[PDB]
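Shown below, as structure tokens, is a lone chain in the form deposited in one PDB entry; questions about how it binds or moves come after it.
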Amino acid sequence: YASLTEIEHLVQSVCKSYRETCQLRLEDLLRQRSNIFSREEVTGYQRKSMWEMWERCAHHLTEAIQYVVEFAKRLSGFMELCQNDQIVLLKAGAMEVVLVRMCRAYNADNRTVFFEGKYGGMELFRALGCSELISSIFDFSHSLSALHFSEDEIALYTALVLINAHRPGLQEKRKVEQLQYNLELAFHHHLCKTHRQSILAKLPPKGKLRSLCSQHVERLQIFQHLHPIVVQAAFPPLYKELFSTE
């Protein structure tokens, strides 16, 4: 990339790729904000078994990750990488992208996330028995909410979360470094043109997302230990490939 035309082509290519893989449209998510779980329904979610509640969440996460894989597949430059590196990037990146994607389905005014056709708070997930993980994610979404991301910005930031050259296990580090740079050039160019460079200093560190993914795996290992048959029998294969690591 040695011209503004090219970089702006990358910006639009990446935005278009996000649009075609966003899973849930921004309009749809906003149009459902007044559709909030009643207290009878919340109490019902809390009275669900730990293992079923873990199972439902694992199913929805896995469903979300499939769209991140497709985003990655349609991402400019990704399919030209060797698959070893495609898998290294997606193993380490998928969950992270989903965590960033989740702020679109988060309402800062009441602190609720869209879950199974309605919005609900942190207390909706109390059956899981992982209060810290939940609080952390809700806070993570709350702080991304404060940046008022556009769809374009979401797309470029998530592309950069996925195309990280510092993941251990990359056989073609230099190639991934080059892609990252171009996506970074695109992201920063978009932010410059749109007078939004101020958010740069407000993006959370790489360590924050990693801390959230680390926590997710910790809590799974604790649940895995309590209900090993449910994980084998009732959890999605892709979830276990990415997180269970047996």
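Only residues modelled in both forms are compared. For the two forms, the rigid core is made up of the largest set of C-alpha atoms that agree within 1.5 Å on superposition. Residues carry their position along the shown sequence, with the first being 1.
Beyond what is shown, the protein has a form deposited in another entry; the following relates to that form.
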Core-aligned between the shown form and the other one, the sole member of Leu29, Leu220, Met53, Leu61 showing a Cα shift of 2 Å or more is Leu220
Spell out whether the Cα of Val230 moves at least 2 Å between the shown form and the other one when the two forms are superposed on their rigid core. yes
Shown form as baseline, in the other form, CA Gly44-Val230 shift of 3 Å or more puts them farther
Core-referenced diff between the shown form and the other one: runs of three or more consecutive residues, each Cα shifted 2 Å or more, sit at 220 to 235
